[PDB]
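Here is the file query_5.cif (mmCIF, C-alpha atoms).
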data_protein
#
loop_
_atom_site.label_atom_id
_atom_site.label_comp_id
_atom_site.auth_asym_id
_atom_site.auth_seq_id
_atom_site.Cartn_x
_atom_site.Cartn_y
_atom_site.Cartn_z
CA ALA A 1 4.89 7.01 -32.60
CA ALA A 2 1.43 7.90 -31.09
CA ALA A 3 1.80 11.15 -29.02
CA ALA A 4 -0.13 12.36 -25.90
CA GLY A 5 0.31 15.97 -24.61
CA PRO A 6 3.07 16.02 -27.31
CA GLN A 7 5.48 13.13 -25.27
CA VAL A 8 5.88 9.70 -26.95
CA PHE A 9 3.23 7.14 -25.81
CA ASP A 10 4.10 4.25 -28.09
CA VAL A 11 1.88 1.27 -27.17
CA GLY A 12 2.12 -1.55 -29.78
CA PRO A 13 -0.54 -1.94 -32.44
CA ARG A 14 -2.82 -3.62 -29.81
CA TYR A 15 -3.69 -0.37 -27.85
CA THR A 16 -5.54 2.49 -29.70
CA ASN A 17 -7.90 5.41 -28.79
CA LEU A 18 -5.55 6.93 -26.11
CA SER A 19 -6.89 9.32 -23.37
CA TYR A 20 -4.51 11.17 -20.93
CA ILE A 21 -5.54 10.22 -17.32
CA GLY A 22 -2.90 12.10 -15.27
CA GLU A 23 0.77 11.98 -14.18
CA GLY A 24 1.77 9.10 -11.84
CA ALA A 25 5.16 8.52 -10.14
CA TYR A 26 7.59 7.53 -12.96
CA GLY A 27 5.72 9.05 -15.91
CA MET A 28 2.35 9.60 -17.68
CA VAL A 29 -0.80 7.42 -17.35
CA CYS A 30 -3.37 7.07 -20.19
CA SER A 31 -6.35 4.83 -20.88
CA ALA A 32 -6.39 2.97 -24.20
CA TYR A 33 -8.56 0.47 -26.15
CA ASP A 34 -7.14 -3.14 -26.04
CA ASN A 35 -7.81 -4.64 -29.54
CA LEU A 36 -7.22 -8.32 -28.43
CA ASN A 37 -9.52 -8.33 -25.31
CA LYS A 38 -11.97 -5.64 -26.63
CA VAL A 39 -11.75 -3.81 -23.22
CA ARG A 40 -10.34 -0.37 -22.27
CA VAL A 41 -7.14 -0.68 -20.14
CA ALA A 42 -4.79 1.55 -18.12
CA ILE A 43 -1.23 2.06 -19.43
CA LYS A 44 1.60 3.55 -17.34
CA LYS A 45 4.67 4.86 -19.19
CA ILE A 46 7.84 4.43 -17.00
CA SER A 47 11.22 6.09 -17.90
CA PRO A 48 13.51 5.09 -14.98
CA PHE A 49 16.89 4.03 -16.46
CA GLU A 50 18.80 7.34 -15.81
CA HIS A 51 18.45 6.88 -11.94
CA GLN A 52 19.50 3.87 -9.77
CA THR A 53 16.58 4.74 -7.40
CA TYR A 54 13.86 4.70 -10.16
CA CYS A 55 15.28 1.39 -11.54
CA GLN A 56 15.12 -0.05 -7.95
CA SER A 57 11.38 0.84 -7.44
CA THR A 58 10.42 -0.20 -11.02
CA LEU A 59 12.16 -3.58 -10.67
CA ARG A 60 10.72 -4.19 -7.16
CA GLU A 61 7.15 -3.35 -8.29
CA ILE A 62 7.36 -5.47 -11.48
CA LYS A 63 8.93 -8.49 -9.63
CA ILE A 64 6.26 -8.35 -6.92
CA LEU A 65 3.24 -7.74 -9.22
CA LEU A 66 4.27 -10.51 -11.71
CA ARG A 67 4.68 -13.05 -8.80
CA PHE A 68 1.34 -12.13 -7.17
CA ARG A 69 -1.94 -13.46 -8.57
CA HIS A 70 -4.88 -12.26 -6.51
CA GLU A 71 -8.33 -10.71 -7.21
CA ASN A 72 -7.65 -7.86 -4.77
CA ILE A 73 -4.15 -6.90 -6.06
CA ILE A 74 -3.64 -5.08 -9.37
CA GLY A 75 -2.18 -7.44 -11.94
CA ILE A 76 0.07 -6.67 -14.89
CA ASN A 77 -1.81 -7.68 -18.11
CA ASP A 78 1.10 -6.78 -20.46
CA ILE A 79 4.49 -5.01 -20.57
CA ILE A 80 5.51 -3.18 -23.74
CA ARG A 81 9.21 -2.41 -24.22
CA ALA A 82 11.85 -2.48 -26.97
CA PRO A 83 13.27 -5.85 -27.98
CA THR A 84 16.85 -4.90 -26.86
CA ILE A 85 18.31 -3.31 -23.69
CA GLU A 86 19.91 -0.63 -25.94
CA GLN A 87 16.58 0.46 -27.50
CA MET A 88 14.66 0.20 -24.18
CA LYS A 89 14.27 3.78 -22.85
CA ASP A 90 10.65 3.42 -21.66
CA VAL A 91 8.50 0.56 -20.30
CA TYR A 92 4.70 0.53 -20.60
CA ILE A 93 2.73 -1.41 -17.97
CA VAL A 94 -0.80 -2.45 -18.98
CA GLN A 95 -3.37 -3.15 -16.25
CA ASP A 96 -7.14 -3.52 -15.85
CA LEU A 97 -8.83 -0.12 -16.18
CA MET A 98 -10.07 0.93 -12.73
CA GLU A 99 -12.49 3.86 -12.99
CA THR A 100 -11.53 5.37 -9.59
CA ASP A 101 -9.69 4.94 -6.28
CA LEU A 102 -10.77 5.25 -2.66
CA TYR A 103 -9.10 8.74 -2.29
CA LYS A 104 -11.17 10.14 -5.20
CA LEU A 105 -14.32 8.29 -3.95
CA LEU A 106 -14.00 9.59 -0.34
CA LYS A 107 -13.55 13.21 -1.53
CA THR A 108 -17.14 13.25 -2.89
CA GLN A 109 -19.13 10.12 -1.83
CA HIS A 110 -20.67 8.94 1.48
CA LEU A 111 -20.10 5.15 1.90
CA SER A 112 -22.92 2.91 3.23
CA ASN A 113 -21.96 0.58 6.13
CA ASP A 114 -22.24 -2.29 3.53
CA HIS A 115 -19.68 -0.54 1.20
CA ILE A 116 -17.31 0.12 4.12
CA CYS A 117 -17.58 -3.56 5.19
CA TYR A 118 -17.05 -4.90 1.64
CA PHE A 119 -14.14 -2.50 0.89
CA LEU A 120 -12.46 -3.37 4.23
CA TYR A 121 -12.96 -7.09 3.53
CA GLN A 122 -11.28 -6.76 0.08
CA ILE A 123 -8.34 -4.70 1.53
CA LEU A 124 -7.71 -7.37 4.23
CA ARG A 125 -8.17 -10.27 1.76
CA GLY A 126 -5.52 -8.71 -0.54
CA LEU A 127 -3.25 -7.86 2.42
CA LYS A 128 -3.53 -11.48 3.73
CA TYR A 129 -2.02 -12.61 0.44
CA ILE A 130 0.73 -9.90 0.43
CA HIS A 131 1.76 -10.77 4.03
CA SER A 132 1.63 -14.53 3.27
CA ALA A 133 4.25 -13.78 0.50
CA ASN A 134 6.47 -12.30 3.28
CA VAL A 135 5.94 -8.84 1.71
CA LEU A 136 4.98 -5.57 3.44
CA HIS A 137 3.16 -2.98 1.36
CA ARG A 138 4.34 -0.04 3.57
CA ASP A 139 2.28 2.62 1.69
CA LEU A 140 -1.35 1.68 2.12
CA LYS A 141 -3.64 4.70 1.77
CA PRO A 142 -6.90 5.48 -0.08
CA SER A 143 -5.16 6.59 -3.33
CA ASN A 144 -3.47 3.13 -3.54
CA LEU A 145 -6.84 1.33 -3.47
CA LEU A 146 -8.24 1.14 -7.01
CA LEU A 147 -12.02 0.57 -7.57
CA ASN A 148 -14.14 -0.22 -10.62
CA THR A 149 -17.85 0.49 -11.20
CA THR A 150 -18.97 -2.74 -9.38
CA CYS A 151 -16.92 -1.98 -6.22
CA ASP A 152 -14.14 -4.51 -6.94
CA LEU A 153 -11.09 -3.22 -5.01
CA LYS A 154 -7.44 -3.76 -5.97
CA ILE A 155 -4.39 -2.76 -3.96
CA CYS A 156 -1.66 -1.05 -6.07
CA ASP A 157 1.69 0.87 -5.75
CA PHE A 158 4.31 -1.54 -4.34
CA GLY A 159 6.97 1.25 -4.75
CA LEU A 160 7.80 1.14 -1.03
CA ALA A 161 7.17 -2.61 -0.55
CA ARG A 162 9.83 -4.71 1.22
CA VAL A 163 10.40 -8.28 2.27
CA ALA A 164 9.40 -8.54 5.95
CA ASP A 165 12.35 -8.35 8.42
CA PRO A 166 10.96 -8.23 11.99
CA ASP A 167 14.41 -9.21 13.44
CA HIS A 168 16.13 -6.07 11.93
CA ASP A 169 13.20 -3.60 12.49
CA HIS A 170 14.69 -1.59 15.43
CA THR A 171 16.06 1.93 14.80
CA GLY A 172 16.56 5.29 16.52
CA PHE A 173 14.06 8.07 17.32
CA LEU A 174 13.05 10.36 14.41
CA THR A 175 14.46 7.97 11.71
CA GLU A 176 13.46 9.51 8.31
CA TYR A 177 10.49 7.74 6.56
CA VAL A 178 9.12 8.16 2.94
CA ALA A 179 5.55 6.69 3.19
CA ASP A 180 2.56 9.02 3.63
CA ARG A 181 2.72 10.51 7.17
CA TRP A 182 -1.06 10.20 7.88
CA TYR A 183 -1.06 6.37 7.58
CA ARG A 184 2.24 5.73 9.45
CA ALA A 185 2.13 3.60 12.61
CA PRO A 186 3.26 5.32 15.86
CA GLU A 187 6.35 3.03 16.07
CA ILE A 188 7.76 4.44 12.73
CA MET A 189 8.35 7.76 14.59
CA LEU A 190 9.75 5.99 17.67
CA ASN A 191 11.86 2.86 17.07
CA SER A 192 10.71 1.01 13.87
CA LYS A 193 12.02 0.95 10.23
CA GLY A 194 8.59 -0.44 9.24
CA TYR A 195 9.82 -3.99 8.43
CA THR A 196 7.03 -5.76 10.44
CA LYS A 197 3.56 -6.71 9.16
CA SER A 198 1.85 -4.71 11.94
CA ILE A 199 2.71 -1.46 10.11
CA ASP A 200 0.26 -2.36 7.27
CA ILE A 201 -2.58 -3.17 9.76
CA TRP A 202 -2.19 0.35 11.24
CA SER A 203 -2.57 1.91 7.76
CA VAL A 204 -5.72 -0.26 7.16
CA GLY A 205 -7.06 1.02 10.50
CA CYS A 206 -6.51 4.62 9.36
CA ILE A 207 -8.30 3.79 6.03
CA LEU A 208 -11.28 2.28 7.94
CA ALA A 209 -11.55 5.45 10.08
CA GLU A 210 -11.32 7.57 6.85
CA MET A 211 -14.16 5.46 5.30
CA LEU A 212 -16.39 6.05 8.46
CA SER A 213 -16.13 9.89 8.24
CA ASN A 214 -14.68 10.96 4.77
CA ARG A 215 -11.76 12.66 6.62
CA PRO A 216 -8.27 11.40 7.58
CA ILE A 217 -8.23 10.41 11.26
CA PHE A 218 -4.60 11.48 11.90
CA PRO A 219 -3.68 14.34 9.45
CA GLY A 220 -0.34 15.30 11.04
CA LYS A 221 1.45 18.38 9.57
CA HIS A 222 4.97 17.06 10.50
CA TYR A 223 6.67 13.92 11.78
CA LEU A 224 6.14 14.62 15.56
CA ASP A 225 2.60 16.12 14.90
CA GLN A 226 1.62 12.67 13.53
CA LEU A 227 2.35 11.25 17.05
CA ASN A 228 0.35 14.08 18.70
CA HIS A 229 -2.66 13.26 16.46
CA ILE A 230 -2.42 9.58 17.29
CA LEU A 231 -2.09 10.15 21.06
CA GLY A 232 -4.89 12.80 20.94
CA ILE A 233 -7.29 9.89 20.17
CA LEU A 234 -5.64 6.79 21.72
CA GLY A 235 -4.41 8.72 24.79
CA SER A 236 -0.99 8.48 26.44
CA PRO A 237 0.57 5.05 26.08
CA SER A 238 0.38 2.79 29.12
CA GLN A 239 3.43 1.98 31.21
CA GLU A 240 3.45 -1.55 29.69
CA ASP A 241 3.42 -0.14 26.11
CA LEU A 242 6.14 2.40 27.01
CA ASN A 243 8.30 -0.35 28.69
CA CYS A 244 8.41 -1.99 25.19
CA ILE A 245 10.23 1.19 23.80
CA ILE A 246 13.79 0.53 25.08
CA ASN A 247 15.25 3.43 23.01
CA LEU A 248 15.74 6.33 25.54
CA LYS A 249 15.22 9.28 23.13
CA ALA A 250 11.88 7.74 22.00
CA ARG A 251 10.74 6.74 25.58
CA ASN A 252 11.74 10.11 27.09
CA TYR A 253 10.03 11.94 24.27
CA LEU A 254 6.75 10.16 25.05
CA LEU A 255 7.36 10.80 28.78
CA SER A 256 7.80 14.56 28.06
CA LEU A 257 4.27 14.84 26.60
CA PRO A 258 1.37 15.94 28.77
CA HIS A 259 -1.01 13.12 29.76
CA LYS A 260 -3.94 12.63 27.32
CA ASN A 261 -7.05 10.47 27.91
CA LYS A 262 -8.45 8.22 25.11
CA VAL A 263 -11.26 9.74 22.89
CA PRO A 264 -13.93 7.01 22.54
CA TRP A 265 -14.39 5.73 18.97
CA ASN A 266 -18.19 6.14 19.40
CA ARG A 267 -17.70 9.94 20.10
CA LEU A 268 -15.58 10.36 16.90
CA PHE A 269 -17.96 8.10 14.84
CA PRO A 270 -21.46 8.35 16.35
CA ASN A 271 -23.09 6.91 13.14
CA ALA A 272 -20.72 3.87 13.06
CA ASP A 273 -21.49 0.18 13.36
CA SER A 274 -20.35 -0.92 16.88
CA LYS A 275 -18.60 -3.96 15.26
CA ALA A 276 -16.68 -1.62 12.88
CA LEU A 277 -15.47 0.38 15.90
CA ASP A 278 -14.41 -2.80 17.81
CA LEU A 279 -12.28 -3.84 14.82
CA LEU A 280 -10.98 -0.27 14.32
CA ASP A 281 -9.86 -0.19 18.01
CA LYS A 282 -7.94 -3.46 17.44
CA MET A 283 -6.22 -2.19 14.25
CA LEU A 284 -5.32 1.22 15.85
CA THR A 285 -3.61 -0.35 18.89
CA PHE A 286 -0.45 1.56 19.91
CA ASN A 287 1.66 -1.53 20.77
CA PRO A 288 2.36 -3.36 17.44
CA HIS A 289 2.63 -6.69 19.35
CA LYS A 290 -0.98 -6.34 20.62
CA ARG A 291 -2.22 -5.05 17.22
CA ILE A 292 -4.62 -7.41 15.41
CA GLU A 293 -3.16 -9.64 12.64
CA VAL A 294 -4.66 -9.58 9.10
CA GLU A 295 -6.25 -13.04 9.53
CA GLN A 296 -7.78 -12.10 12.91
CA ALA A 297 -9.27 -8.98 11.30
CA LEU A 298 -10.84 -11.10 8.51
CA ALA A 299 -12.37 -13.33 11.27
CA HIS A 300 -13.80 -10.31 13.24
CA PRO A 301 -17.61 -10.12 13.62
CA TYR A 302 -17.78 -6.94 11.45
CA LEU A 303 -16.74 -9.03 8.35
CA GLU A 304 -18.87 -12.16 9.15
CA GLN A 305 -20.95 -11.71 5.92
CA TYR A 306 -17.79 -12.13 3.77
CA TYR A 307 -15.40 -14.20 5.90
CA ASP A 308 -14.46 -17.44 4.11
CA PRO A 309 -10.85 -18.50 4.87
CA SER A 310 -10.97 -21.19 2.08
CA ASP A 311 -11.60 -18.26 -0.31
CA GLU A 312 -8.85 -16.02 1.17
CA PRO A 313 -5.86 -17.49 -0.53
CA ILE A 314 -2.18 -17.28 0.51
CA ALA A 315 0.79 -17.05 -1.83
CA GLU A 316 2.29 -20.20 -3.34
CA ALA A 317 5.71 -18.51 -3.66
CA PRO A 318 6.75 -16.13 -0.89
CA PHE A 319 9.83 -13.85 -1.17
CA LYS A 320 11.92 -15.74 1.43
CA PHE A 321 14.99 -13.49 0.96
CA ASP A 322 15.64 -9.73 0.92
CA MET A 323 15.74 -8.12 -2.57
CA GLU A 324 19.38 -6.81 -2.52
CA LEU A 325 18.61 -3.96 -5.03
CA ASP A 326 20.13 -1.09 -3.01
CA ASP A 327 23.74 -1.63 -4.18
CA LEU A 328 23.15 -2.82 -7.76
CA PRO A 329 24.25 -0.26 -10.38
CA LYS A 330 21.64 1.33 -12.80
CA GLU A 331 23.02 -0.91 -15.58
CA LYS A 332 22.45 -4.24 -13.76
CA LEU A 333 18.96 -3.06 -12.66
CA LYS A 334 18.13 -2.23 -16.32
CA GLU A 335 19.26 -5.76 -17.39
CA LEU A 336 17.10 -7.27 -14.52
CA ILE A 337 14.01 -5.18 -15.64
CA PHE A 338 14.68 -6.38 -19.21
CA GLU A 339 14.82 -10.05 -18.01
CA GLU A 340 11.79 -9.61 -15.72
CA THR A 341 9.69 -8.18 -18.65
CA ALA A 342 10.84 -10.81 -21.19
CA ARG A 343 7.72 -13.07 -20.92
CA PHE A 344 5.49 -10.38 -22.63
CA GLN A 345 7.68 -10.27 -25.77
CA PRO A 346 6.49 -11.83 -29.06
CA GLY A 347 8.62 -15.06 -28.92
#
Encoded form using structure tokens:
Amino acid sequence: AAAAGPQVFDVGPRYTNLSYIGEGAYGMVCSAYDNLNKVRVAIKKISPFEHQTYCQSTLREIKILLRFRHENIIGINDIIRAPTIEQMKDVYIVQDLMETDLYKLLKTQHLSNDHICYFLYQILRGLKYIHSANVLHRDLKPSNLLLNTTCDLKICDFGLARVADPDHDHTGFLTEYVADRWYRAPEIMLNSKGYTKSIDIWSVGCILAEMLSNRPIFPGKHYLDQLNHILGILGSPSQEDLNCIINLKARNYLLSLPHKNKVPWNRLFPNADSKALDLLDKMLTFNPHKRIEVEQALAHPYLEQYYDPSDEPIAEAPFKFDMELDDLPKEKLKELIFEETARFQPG
């Protein structure tokens, strides 16, 4: 067994010359030389079978990523696992090596207006496809946008992804949420479980603002501070937008807040392309009903150099039904991961 930071990292014969490249969610990530494609690849070791929760996320991410085929979504090249359920303790997911991500890039690098435009285009092109598959990403943020040396962008990390369920999206005030606070739409704190496509557009809006300045636009320190950051820039919601929040604890909370006026995008982003700010305004709209749709954002003037709807494909095979993974035991989820990974096996 090849070892890395002496743990097992046992990746076939086909993957040699291993380099540790950090610790992801369900285990260790390395780069490795692929002997059959003569390219270096990324390999993620996953060890989830002890915990029903880890099995859930692992299965959901593998099902989604194996069904999707899109230039702007990370693909699975290979899956290495034992030939039997009994011997399967770990799963290794092989993907294209991406030298960096937008989080790492924004920490040190100024983006040109052309880079911001091209990166935003790729994000929306990939999100069009996800949404067309009736899937919500629910955790879009810079660190989940992988980049290579020629600025190709790939969305990753479908750990929080769900089948869209706009009809069952309503919930109480202060409902607990897992996804990164700074990219959460205002409605997640108010009355939304985040089962509508408009939650992803909000996160993309936050990412565009972060690309314009190299700083998060809404870095809230706690759940309610996230709302104060949002309303500090957008201003107090209008009567119309409030009238759409029927939940009394959420409405009366917003009514308790001192009045705030909007901060103009051009004051926050004096260097920014006016078209980028128009589109940003439309993405960071408080009312999710009035928020711009992914396809409208691709059609916005800011993206007119790239916009080509014939080359912005939609999914052949949407997830029409909810993935009822929450009440399956560990053991069934391990069998389903085994079945889902079976196409990569010799034979």
I'd like the neighbourhood of residue 90 (chain A) as a short mmCIF file (atom, residue, chain, number, x, y, z; two decimals) with C-alpha atoms, in the coordinates of the input, where a residue qualifies if any of its atoms comes within 9 Å (using only C-alpha atoms), though same-chain residues fewer than 2 positions away should be ignored.
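Dumped everything to part_31.cif:
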data_model
loop_
_atom_site.label_atom_id
_atom_site.label_comp_id
_atom_site.auth_asym_id
_atom_site.auth_seq_id
_atom_site.Cartn_x
_atom_site.Cartn_y
_atom_site.Cartn_z
CA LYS A 45 4.67 4.86 -19.19
CA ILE A 46 7.84 4.43 -17.00
CA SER A 47 11.22 6.09 -17.90
CA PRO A 48 13.51 5.09 -14.98
CA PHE A 49 16.89 4.03 -16.46
CA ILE A 80 5.51 -3.18 -23.74
CA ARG A 81 9.21 -2.41 -24.22
CA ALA A 82 11.85 -2.48 -26.97
CA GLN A 87 16.58 0.46 -27.50
CA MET A 88 14.66 0.20 -24.18
CA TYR A 92 4.70 0.53 -20.60
#
* To do: Grab the CA of residue 183 (chain A) to CA of residue 316 (chain A) distance for me, in Å with one decimal place.
  => 28.9 Å
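Across the chains present, the PyMOL selection byres ((chain A and resi 239) around 12) applied to this file returns residues 236, 237, 238, 240, 241, 242, 243, 244, 245, 251, 254, 255, 286 and 287 of chain A.
Nearest to residue 280 (chain A) of all the residues A:64, A:323, A:189, A:211 is A:211, counting all atoms listed in the file.
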* Give the answer as one residue: which of A:333, A:201, A:30, A:79 has the shortest atom-to-atom distance to residue 131 (chain A), using only C-alpha atoms? => A:201
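As for CA of residue 180 (chain A) and CA of residue 222 (chain A), they are spaced 10.8 Å apart.
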* Selected residue of minimal separation from residue 267 (chain A) among A:298, A:91, A:246, A:233, counting all atoms listed in the file -> A:233
* To do: Determine the residue set returned by the PyMOL selection byres ((chain A and resi 141-151) around 6) for the present structure, and present it as a PyMOL selection string.
  => chain A and resi 98-103+140+152-156
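Around residue 315 (chain A), within 7 Å and counting all atoms listed in the file, the residues found are residues 129, 132, 133, 313, 317 and 318 of chain A, once anything fewer than 2 positions away on its own chain is removed.
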* Taking the file as shown, find all residues satisfying the PyMOL selection byres ((chain A and resi 210) around 12) and write them as JSON, numbers by chain. => {"A": [102, 103, 105, 106, 107, 109, 110, 111, 116, 120, 141, 142, 143, 182, 183, 203, 204, 205, 206, 207, 208, 209, 211, 212, 213, 214, 215, 216, 217, 218, 219, 268, 269, 272, 280]}
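For the pair CA of residue 181 (chain A) and CA of residue 22 (chain A), the interatomic distance is 23.2 Å.
Minimum distance to residue 72 (chain A) across A:54, A:118, A:338, A:9 (counting all atoms listed in the file) occurs at A:118.
Closest to residue 125 (chain A) among A:247, A:296, A:341, A:31 is A:296, based on all atoms listed in the file.
Nearest residue to residue 279 (chain A) among A:16, A:117, A:177, A:252 is A:117, counting all atoms listed in the file.
Within the 8 Å cut-off around residue 292 (chain A), using all atoms listed in the file and omitting residues fewer than 6 positions from it on the same chain, the listed residues are residues 198, 201, 282, 283 and 285 of chain A.
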* **residue 42 (chain A) surroundings by only C-alpha atoms, 7 Å radius, close-in-sequence under 5 positions cut, as number ranges by chain** => A: 30-32, 94-97
